[PDB]
Amino acid sequence: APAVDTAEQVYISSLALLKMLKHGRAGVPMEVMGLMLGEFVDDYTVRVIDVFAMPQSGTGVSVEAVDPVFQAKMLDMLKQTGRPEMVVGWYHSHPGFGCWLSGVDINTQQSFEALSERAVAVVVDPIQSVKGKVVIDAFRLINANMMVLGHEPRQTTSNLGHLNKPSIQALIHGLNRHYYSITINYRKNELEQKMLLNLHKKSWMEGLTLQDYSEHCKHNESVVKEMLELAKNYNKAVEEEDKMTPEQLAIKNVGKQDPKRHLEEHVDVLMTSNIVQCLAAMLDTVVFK
Amino acid sequence: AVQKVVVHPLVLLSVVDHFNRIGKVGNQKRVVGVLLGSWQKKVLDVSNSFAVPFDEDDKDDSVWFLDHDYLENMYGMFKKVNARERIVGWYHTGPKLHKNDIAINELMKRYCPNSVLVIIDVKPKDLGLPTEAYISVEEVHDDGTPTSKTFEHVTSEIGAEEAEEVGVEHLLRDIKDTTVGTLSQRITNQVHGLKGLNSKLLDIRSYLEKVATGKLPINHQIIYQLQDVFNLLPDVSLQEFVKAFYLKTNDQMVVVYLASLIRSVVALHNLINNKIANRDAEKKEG
Amino acid sequence: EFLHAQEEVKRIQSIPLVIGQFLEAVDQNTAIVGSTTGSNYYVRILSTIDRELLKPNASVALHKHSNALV
Amino acid sequence: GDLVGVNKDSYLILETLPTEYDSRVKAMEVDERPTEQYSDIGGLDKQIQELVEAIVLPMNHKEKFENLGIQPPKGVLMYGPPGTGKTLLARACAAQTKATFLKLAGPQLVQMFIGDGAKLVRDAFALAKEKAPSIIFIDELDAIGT
Amino acid sequence: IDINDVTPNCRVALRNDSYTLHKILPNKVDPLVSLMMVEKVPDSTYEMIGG
Ligand SMILES: Nc1ncnc2c1ncn2[C@@H]1O[C@H](COP(=O)(O)OP(=O)(O)OP(=O)(O)O)[C@@H](O)[C@H]1O
Ligand SMILES: [Mg+2]
Ligand SMILES: [Zn+2]
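A brief look at the structure comes next. (Residues numbered from 1 in each chain as written, not as in the entry; some residues may be left out. Chains lettered and ligands numbered in written order. Part of a larger assembly, values for the part shown. Heavy atoms only, no water. Residues with missing side-chain atoms left out of burial classes, pairs and counts.)

The next subject is helix α5 (residues 86-95) of chain D. All names here are of chain D. For α5, the tally of buried residues reaches 7 of 10 residues, placing the bulk of the element in the interior. For α5, the complete set of buried residues consists of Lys-86, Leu-89, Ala-90, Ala-92, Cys-93, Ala-94 and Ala-95. Where α5 is buried, its residues meet α2 (45-54) and β4 (136-137). (Buried < 20%, exposed > 50% of the residue type's maximum accessible area, 1.4 Å probe, protein only. Helix = DSSP H or I, 4+ residues; strand = E, 2+ residues; numbered from the N terminus. Contact = heavy atoms within 4.5 Å.)

Now the structure itself:
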C-alpha cells in the first residue's frame with residue numbers, strides 16, 4: 001500500500017509563487033484557476049516549475065473550466081521554448097475563504113488524480129496572503145477506500161508536524177477526513193533571489209544624498225524637544241525612586257513610558273540620523289572636489 | 001517617448017527561467033522573448049512575458065529566426081487569460097546588444113509601434129538594475145552626420161504591483177535587510193555608494209580614454225554633457241561655504257553630544273540599579 | 001530578528017482596516033470591540049497600542065481579516 | 001433606471017432585462033369598469049360635470065383644447081368626507097368616458113419589497129404611455145401620500 | 001470550561017469557525033448604563049461642607 005509520507009514535499013519554484021499569486025489577485029473578486037507544470041521526481045517529492053493560467057470561464061473552478069483545446073495547444077507551444085514539463089496539478093484561488101477544498105473542488109481533484117496518482121492541488125488566497133505570510137496549502141485527496149488503514153498513510157518520517165499544524169479554519173472543511181495537506185517548500189535558488197533583491201534595492205546615488213537640512217534641522221529640533229519632555233519624566237520617575245516595593249513599582253508603571261523605552265530609543269534615532277548625515281557630508285566634501 | 005519602463009519582478013523571474021530552460025541543454029547566447037504590459041501616461045508597465053523560439057548564427061549576423069506564428073498564437077492565448085496586456089517590446093539576456101537587434105526590433109514594431117527592448121542581464125548579479133530599456137529612433141542627427149537606426153536609451157526602473165510584492169517579500173524572507181537601516185546598514189549604504197561612484201567614474205574614464213585614443217567616435221554630444229557634470233562640482237574650498245559647513249557640522253555634534261550624554265547617564269543609572277540589585281540579593285541570600 | 005519582528009508587527013497596522021468601537025475590556029492584550037460590520041467580536045490587542053487610549057467608546061481599527069485590535 | 005442583469009461577483013452589467021410592465025401592472029388595467037353610469041351616481045352633478053371638463057373633454061376633444069391654450073390639468077385630487085363616493089364618480093369618468101382606467105389605489109402601493117411600489121409607479125405611467133387615452137386612477141392616496 | 005460557570009445571560013465567546021465556547025467573558029451592561037458608574041471619585045470632602 002503506497003503512502004504519501006508526510007515528508008513528501010510539493011516544491012514551488014520562485015516563478016510559480018509570483019505567477020500563482022499574480023493570477024489570484026488578477027481576478028480576486030471571483031475565483032481563478034490554472035494548471036501547474038512540473039515533474040513527479042519521485043514518490044516523496046512533487047516538483048512544480050511553471051504554471052499557466054487557464055482562462056477564466058463562467059463555470060468557475062471545476063472540471064469543465066479546463067478547456068482541452070486551450071491546454072493542448074498551450075502545452076504544445078511551451079514544449080518548443082524548452083519547457084517539456086508534465087501537468088503536475090491544478091491551482092485555484094479562494095478570495096479570502098481560506099486554504100480548504102469545497103465539495104466541487106474535491107470532484108475536480110479526483111479527476112486530476114485519475115491521470116496520475118500524485119496530482120497535487122493547491123489554493124492561494126490573494127486576500128489573506130497580503131503581507132509576508134503566503135496562505136497556499138497544497139492538497140491531495142485521501143481516497144475514501146483507505147478508512148480501514150491509516151489516513152495520511154505516512155510511514156517512517158518526522159516532518160509531519162513541522163512547517164505547519166492543522167489549521168482550524170480548514171480542519172472544519174474536511175481534512176484528514178477526505179483531503180490532506182502536503183508540505184509546501186519553495187525552491188528559491190541563487191540567480192533568482194539576486195534578481196528579486198532589485199525590487200527595493202536603492203542605487204549608488206542613494207546613501208550619498210545628504211537628506212535636506214531644512215527638514216533635518218526641524219527634525220533634529222523636533223526630536224530633541226520631544227526627548228526633553230521625556231527627560232523631565234525621567235527625572236520625576238527616577239527622583240521619585242519610591243521604595244514601596246520598587247520591584248513592584250517597576251512593574252505597576254509599565255506602559256511603554258518614560259524610564260528608558262521612550263528614552264534612548266530616541267537617542268538611537270537622533271544619533272543615527274546625525275552620524276549618517278555627518279559622515280555623508282564629509283565624504284561628499286572629499287569625493288566631490 | 002517613454003519616460004520609464006517599470007519592469008515588474010515577475011518578468012525578470014520568468015526570463016531567468018527562460019534562460020535556464022534553454023542554456024541548460026542548448027548552450028546559446030541571448031534568449032529572446034516578448035514583453036507584455038499595460039500602458040500609462042508615458043511609463044510602460046511590464047507585467048508578464050513569454051518565450052519565442054529564436055535561433056541565430058554568428059555568421060552574417062542576420063541569419064536568425066524569431067517565430068511569427070508562435071508570437072501571434074501565444075499572445076492569442078494570453079489576451080484570453082488577461083486582457084490588460086498588449087505586446088510592448090522584447091527582451092534578450094545577452095548583455096551586449098547584437099547587430100540583429102535593429103532588424104528584429106523592426107519586426108516587433110509590427111506588433112507595437114512604440115516597441116521598447118529590455119535587456120535583462122540574467123547571468124550577472126552585480127551593482128544592480130539588471131534591466132536596460134531601449135527604443136528605436138531614426139533621426140537626421142541634427143548636427144550633420146549620417147542617418148542610421150541606432151537604439152536610443154529609456155530610463156529603466158524595477159517596481160512591483162501589490163500581488164507580486166507580497167510574494168517577493170516572502171520569497172526572500174532570509175536575506176532581506178531591516179527597513180529601519182540602523183547605523184550599521186546606513187554606513188554600508190555609503191561604502192556601497194562610494195564603490196559605485198568610483199565604478200561609474202571608471203566607466204567614464206575608459207570611454208574618455210577610448211575617445212582620447214581615437215578608438216571610439218567623439219560623440220560631439222553627451223561628450224560635453226560629461227563636461228556639464230564637470231562644472232557642477234561644489235568648490236567647497238570657498239570660505240563662505242567653509243564657515244557654513246562647520247556651523248552645521250557643529251550644529252549636529254551638539255545633538256550627538258546631548259544624545260551621547262543621555263545614553264551615558266542612563267548607562268550609569270542602569271549599573272547603579274544593577275549594583276543594588278545583585279548586592280541586595282547578595283545580602284538577602286543570607 | 002528583533003528589527004524584522006518589529007517590522008512584521010508594524011505590518012499588522014497596514015491599510016485596509018475595518019473600524020469598530022471599543023465596547024469594553026476583558027484583560028491585558030484582549031478586547032471586546034464591536035465591528036462596524038454589525039457584529040461584535042472578541043479580539044486581541046496589539047501591545048504597541050496604548051491601553052490608555054482605549055476609552056470605552058473609542059473608535060479603534062480592527063484588522064480586516066484576522067479582526068484583531070491593531 | 002434600467003433594470004439590468006449583472007454578475008453576482010464582478011458586478012458588471014451583463015444583459016438588459018426587459019420590463020414588460022411585469023404582470024401585476026397590466027393587471028391593474030381592469031376592463032370591467034362596473035358601468036357607474038352617471039345615472040348611477042346622483043346628487044354629485046356639478047362634481048360630475050366638473051371632472052368631465054378636466055377629463056373626458058380634455059382627452060377627447062383635445063384639438064380645440066390645443067388651440068384655446070387652456071392647458072387641461074393632468075390631475076384632479078378627490079377629497080371629501082368618506083362616504084361621498086369619490087371612488088364612484090371616478091369610475092363614472094372611468095366608464096362613461098371610455099379610456100383604460102389603470103386604477104392604482106394608493107394602499108396597494110405599499111410593498112415591503114424595497115423598490116417595488118416605486119417601480120409600480122414609474123411603470124404604471126410607463127404602462128400608461130403604451131396604451132391609448134386612459135386615466136391613471138390612484139384611490140386612497142394617503143397610503144403613499146403620508 | 002466547567003459548564004457550572006455558564007449561567008443564563010452570560011457573554012461567552014465562541015471560536016471563529018467551529019463555534020466552540022472558550023471563555024465566559026465579562027458580563028454585558030448596556031453602553032449607556034455603564035457610564036453611570038463612578039470611576040473617578042469627586043474631590044468634595046466632608047470638611048468642605050459646613051453647617
Ligand atoms: N352620489 C352617489 N349616488 C349613489 N351612491 C353613492 C353616491 N356617492 C356615494 N355612493 C355610494 O357610497 C358607497 C361608497 O362608495 P365610494 O368608495 O365611492 O365612497 P367614498 O366616499 O368614495 O369612500 P371613501 O371616500 O372613504 O374612499 C357606495 O355604495 C357608493 O355607490
Ligand atoms: Mg374610496
Ligand atoms: Zn475552490
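Before going further, it helps to spend a moment on the interface of chain B and chain A. The accessible area lost on association of the parts is a frequent measure of interface size. Between chain B and chain A, the contact holds 77 residues from the first and 77 residues from the second. Summing both partners gives a buried area of about 7200 Å² for chain B against chain A, and 73% of it is carried by carbon and sulfur. At the junction of chain B with chain A, the criterion picks out 2 salt bridges. In this structure, the salt-bridge partner of B:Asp17 is A:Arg83, at a minimum N-O distance of 2.6 Å. At the junction of chain B and chain A, the tally comes to 8 residue pairs in polar contact. (Buried area = accessible area lost by both parts, 1.4 Å probe. Salt bridge = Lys/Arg side-chain N within 4 Å of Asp/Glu carboxyl O. Polar contact = N/O pair within 3.5 Å; in protein donor to acceptor, adjacent residues only side chain to side chain.)

Right, let's talk about the sheet that holds strand β2 (residues 34-35) of chain C for a bit. Residue and element names in this part refer to chain C. Taking strand neighbours across the sheet as the criterion, the 3 strands line up as β2-β1-β3 in an open arrangement whose pairing is antiparallel. Only two strands of the sheet have a single partner each, and these edge strands are β2 and β3 (59-63). Two elements, strand β1 (residues 17-21) and β3, share 5 bridges in a ladder whose sense is antiparallel. In the sheet register, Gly-20 faces β3, and the bridge partner there is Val-60. (Pairing = 2+ DSSP bridges.)

All names here are of chain B. Of note, the phi angle at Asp-142 is positive, near 20°, even though the residue is not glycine. Relative to the helices and strands, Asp-142 resides in the loop between β9 (131-136) and β10 (151-154). The exposure class assigned to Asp-142 is exposed, which follows from its relative accessible area of 64%. In this model, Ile-222 sits at a positive phi of 80°, which is unusual for a non-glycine residue. Along the chain, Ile-222 falls in the loop between α5 (182-212) and α6 (225-231).

A word on the site of ligand 1. Residues and elements named next belong to chain D. For ligand 1, the full set of nearby residues is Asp-40, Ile-41, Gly-42, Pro-82, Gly-83, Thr-84, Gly-85, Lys-86, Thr-87, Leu-88 and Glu-140. Within the backbone of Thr-84, one N or O atom sits 2.5 Å away from an oxygen atom of ligand 1. Between ligand 1 and the protein, one listed contact pairs an oxygen atom with a backbone N or O atom of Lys-86 at 2.5 Å. Protein chains bury 59% of the 610 Å² of accessible surface belonging to ligand 1 in isolation. Class assignment for the residues of the shell around ligand 1 results in 3 nonpolar, 5 polar and 3 charged. (Near = heavy atom within 4 Å. Areas by Shrake-Rupley, 256 points an atom, 1.4 Å probe, with all protein chains shown as cover. Nonpolar A, V, L, I, M, F, W, Y, C, P; charged D, E, K, R; others polar.)

Residues and elements named next belong to chain A. Those protein atoms acting as donors to the zinc ion (ligand 3) are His-92 (NE2), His-94 (NE2), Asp-105 (OD) and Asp-105 (OD), and they sit at 1.8 to 2.7 Å. Metal-centred angles of 54 to 151° between the 4 donor atoms at the zinc ion (ligand 3) mark the site as irregular. All donor residues of the zinc ion (ligand 3) come from one chain, and their arrangement in sequence is H-x1-H-x10-D. Here the residue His-94 occupies a position in the loop between β4 (86-92) and α3 (103-115), and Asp-105 occupies one in helix α3, the gap between them amounting to 11 residues. The buried category is assigned to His-94, whose relative accessible area is 2%. Note on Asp-105: relative accessible area 2%, which makes it buried. (Donors = N, O, S within 2.8 Å, 3.2 Å for Na, K, Ca; no water. Tetrahedral: all angles 85-135°; square planar, octahedral: opposite > 155°, others 65-115°.)

Moving on: helix α4 (residues 162-172) of chain B. Residue and element names in this part refer to chain B. Within α4, 10 of the 11 residues are buried, which leaves the element mostly enclosed by the surrounding structure. For α4, every residue scored as buried is listed here: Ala-163, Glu-164, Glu-165, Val-166, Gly-167, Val-168, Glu-169, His-170, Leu-171 and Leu-172. The opening residue of α4, the one whose side-chain oxygen lies 2.8 Å from the backbone nitrogen of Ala-163, is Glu-161. One or two steps after α4, the chain reaches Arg-173, where phi turns positive at roughly 55°.

A word on the side chain of B:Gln252. Its place among the elements puts B:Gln252 in helix α7 (residues 239-285). Non-local contacts of B:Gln252, meaning those with residues more than four positions away in its chain, are made with A:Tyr213, A:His216, A:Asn274, A:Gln277 and A:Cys278.

Now for a negative patch on the surface. A cluster of acidic residues, B:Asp55, B:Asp57, B:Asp58 and B:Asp60, forms a negative patch at the surface. As for its position among the elements, B:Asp55 is in strand β5 (residues 54-55). (Patch = residues over 30% accessible without salt bridge, like charges linked within 9 Å, V, L, I, M, F, W, Y side chains within 5 Å. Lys, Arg positive; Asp, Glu negative; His and termini not counted. Charge placed at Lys NZ, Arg CZ, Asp CG, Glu CD.)

The biggest cluster of nonpolar side chains holds 50 residues, and the ones touching the most others in it are A:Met33, A:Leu35, A:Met74, A:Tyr179, B:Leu66, B:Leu71 and B:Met108. Excluding its chain neighbours within four sequence positions, the residues that come into contact with A:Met33 are A:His23, A:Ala53, A:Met54, A:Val61, A:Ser62, A:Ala65, A:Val66, A:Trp90, A:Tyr91, A:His92 and A:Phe112. Ranked by size, the runner-up nonpolar core spans 34 residues in total, among them A:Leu15, A:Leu18, A:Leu199 and B:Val116. (Core = buried A, V, L, I, M, F, W, Y, C linked by side-chain atoms within 4.5 Å.)

Residue and element names in this part refer to chain B. Spatial ordering of the open sheet is given by β4-β2-β7-β8-β9-β10, a layout of 6 strands whose pairing is mixed. Every interior strand has two partners, whereas the edge strands, β4 (48-51) and β10, have only one. Sheet twist, expressed as the mean angle between neighbouring strand axes with direction ignored, is 35°. Bridging between strand β7 (residues 86-92) and strand β8 (residues 117-120) involves 2 bridges; their strand directions are parallel. Pairing of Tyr-91 across the sheet is with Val-118, part of β8. Docked against the sheet, helix α2 (residues 68-81) engages β2 (32-37), β4 and β7, running at close to 140° with respect to β4. (Axes fitted to C-alpha atoms, helices over the stretch in contact; angles between N-to-C directions.)

So, on to the pattern of salt bridges. Applying the stated criterion to the full structure yields 17 salt bridges over all chains. Between B:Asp101 and B:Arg30 there is a salt bridge, with the nearest N and O atoms lying 2.6 Å from each other. Of the two residues, B:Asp101 sits in helix α3 (residues 101-108) while B:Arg30 sits in the loop between α1 (9-23) and β2, which places them 71 residues apart along the sequence. For the pair B:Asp101 and B:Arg30, a shared accessibility class is recorded, and that class is buried. Across the pair B:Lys149 and B:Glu138 runs a salt bridge whose closest N-O atoms are separated by 3.7 Å. Placement of the pair is B:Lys149 in the loop between β9 and β10 and B:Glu138 in the loop between β9 and β10, with a sequence separation of 11 residues. Overall, B:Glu138 belongs to the partly exposed group, its relative accessible area being 42%. Among the charged side chains, a network of salt bridges with common partners joins A:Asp50, A:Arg83, A:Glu85, B:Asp17 and B:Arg21.

No statement about biological role is implied by the geometric values presented.
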